[PDB]
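With UniProt numbering as the guide, the letters of the sequence shown map in order to residues 2 to 101, 107 to 153, 157 to 184, 187 to 212, 221 to 311.
Even for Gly, the Cβ is constructed at its ideal location relative to N, Cα and C.
Here is the structure we will look at, set down as structure tokens.
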Amino acid sequence: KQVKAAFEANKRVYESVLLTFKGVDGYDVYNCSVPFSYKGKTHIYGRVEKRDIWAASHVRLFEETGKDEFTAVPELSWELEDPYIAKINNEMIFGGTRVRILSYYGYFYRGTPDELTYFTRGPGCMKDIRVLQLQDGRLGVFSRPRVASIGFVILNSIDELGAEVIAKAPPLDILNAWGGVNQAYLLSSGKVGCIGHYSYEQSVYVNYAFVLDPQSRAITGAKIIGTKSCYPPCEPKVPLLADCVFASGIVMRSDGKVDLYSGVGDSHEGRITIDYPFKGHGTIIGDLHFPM
């Protein structure tokens, strides 16, 4: 990518840190959910795995206990990779990758961050499936067939979410390379702000943003918003992923900037402070603050 080289040359980063995680000594923590809030505290789900082994993750819930410091909450876990969250009608829709290696699936749970109940899943051998609540209240769904396209279909509600409709979602004009939506946002324009990953063959993963018009299905404001060099130095899982970052999501800041959270090198979780990435397409509507 000439775009990547331009980005590296032109990047605009105001703060750059690696999260510190406690209560999981011995493990890597990476490809987190976007942070969220519950019972008065900032929380995050993380993918917890030993650095020297593959496909051996579980998910933990972490509570903020200091600036960019997160402590695991005792005795809660999920048998998944790459956790991800959304708010639909005042509740959490939590998901992760479930691995059988025979097969894998996007698994979906609903409830409170404390009480999540499995309810549905995507098609076999598909991951990187994401949702949000649209302006009019229906459900936007993003799919990710790879064997790669990013697809999108509007459904009536979470009750219609399942493997078939997911699979048949028509493609969007976004991606020999691949990628995914990691966190979708509703914008005051009615349009959809996505934060995700753009990937190509080093397996290069950069943090990526674009805006979707859920009706015309037009794609705008596409851009690189982060790379590996944006975050402090750290060893990847393997050398091959020395130029890999896998988006978690953004958090709106009161000074008008955003904090971008990302998996780093498949071994750490980073946060960089960057300019609002959906400039000109409106402000973000709603939040990831969950009622108990």
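Residue span of the beta strand (DSSP E) that contains residue i, given as start and end
{"i": "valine 100", "result": "92 to 100"}
{"i": "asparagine 187", "result": "No beta strand (DSSP E) holds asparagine 187; DSSP gives it neither H nor E."}
{"i": "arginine 290", "result": "287 to 293"}
{"i": "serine 17", "result": "16 to 19"}
{"i": "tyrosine 115", "result": "110 to 118"}
{"i": "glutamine 139", "result": "136 to 139"}
{"i": "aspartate 29", "result": "29 to 31"}
{"i": "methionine 271", "result": "264 to 271"}
{"i": "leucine 231", "result": "223 to 231"}
{"i": "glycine 240", "result": "238 to 245"}
{"i": "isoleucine 107", "result": "Premise fails: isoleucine 107 is in no beta strand (DSSP E) and is neither H nor E."}
{"i": "residue 185", "result": "In the model shown, the chain runs from 184 to 187 with nothing in between, leaving residue 185 without coordinates."}
Counted within 10 angstroms of its Cβ, other Cβ atoms place residue i as buried (16 or more) or exposed
{"i": "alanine 7", "result": "exposed"}
{"i": "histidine 208", "result": "buried"}
{"i": "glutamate 82", "result": "buried"}
{"i": "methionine 311", "result": "exposed"}
{"i": "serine 273", "result": "exposed"}
{"i": "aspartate 142", "result": "exposed"}
{"i": "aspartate 134", "result": "buried"}
{"i": "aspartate 29", "result": "buried"}
{"i": "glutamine 234", "result": "exposed"}
{"i": "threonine 239", "result": "exposed"}
{"i": "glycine 130", "result": "exposed"}
{"i": "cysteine 253", "result": "exposed"}
{"i": "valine 4", "result": "exposed"}
{"i": "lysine 256", "result": "buried"}
Integer-rounded CB distance, given that residue j should sit under 8 Å from residue i
{"i": "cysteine 263", "j": "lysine 247", "result": "6 Å"}
{"i": "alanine 87", "j": "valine 137", "result": "5 Å"}
{"i": "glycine 112", "j": "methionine 132", "result": "6 Å"}
{"i": "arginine 52", "j": "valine 60", "result": "Actually they are not in contact, since the Cβ atoms of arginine 52 and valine 60 sit about 17 Å apart, beyond 8 Å."}
{"i": "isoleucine 291", "j": "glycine 245", "result": "6 Å"}
{"i": "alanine 73", "j": "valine 25", "result": "5 Å"}
{"i": "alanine 237", "j": "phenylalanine 229", "result": "That pair is no contact at about 10 Å."}
Extent of the continuous alpha helix (DSSP H) run through residue i
{"i": "residue 185", "result": "The structure shown gives no position for residue 185: in the chain, residue numbering passes from 184 to 187 with nothing in between."}
{"i": "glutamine 3", "result": "3 to 11"}
Residues that residue i bridges to, as DSSP identifies them
{"i": "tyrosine 196", "result": "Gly204"}
{"i": "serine 149", "result": "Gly160"}
{"i": "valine 74", "result": "Answer is none; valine 74 lacks a bridge partner."}
{"i": "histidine 44", "result": "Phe37 and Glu64"}
{"i": "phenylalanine 309", "result": "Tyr39"}
{"i": "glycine 282", "result": "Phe265 and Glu288"}
C-beta neighbour in chain E for residue i, strict 8 Å
{"i": "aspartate 29", "result": "Note that chain E does not occur in the displayed structure, where there is just one protein chain."}
For this session: Evaluate contact between the segment 187 to 194 and the segment 140 to 147, counting only Cβ atoms and requiring at least three cross-stretch pairs below 8 Å.
Result: They do not touch, by the three-pair rule.
Exercise. Are the segment 267 to 282 and the segment 30 to 40 touching, with three or more C-beta to C-beta distances below 8 Å?
Worked result: Below 8 Å, enough C-beta pairs join the segment 267 to 282 and the segment 30 to 40 to call them touching: three or more.
Problem set entry | Given 8 Å, three or more beta-carbon pairs between the segment 251 to 269 and the segment 282 to 301 | Cβ pair count under 8 Å is three or more, so yes.
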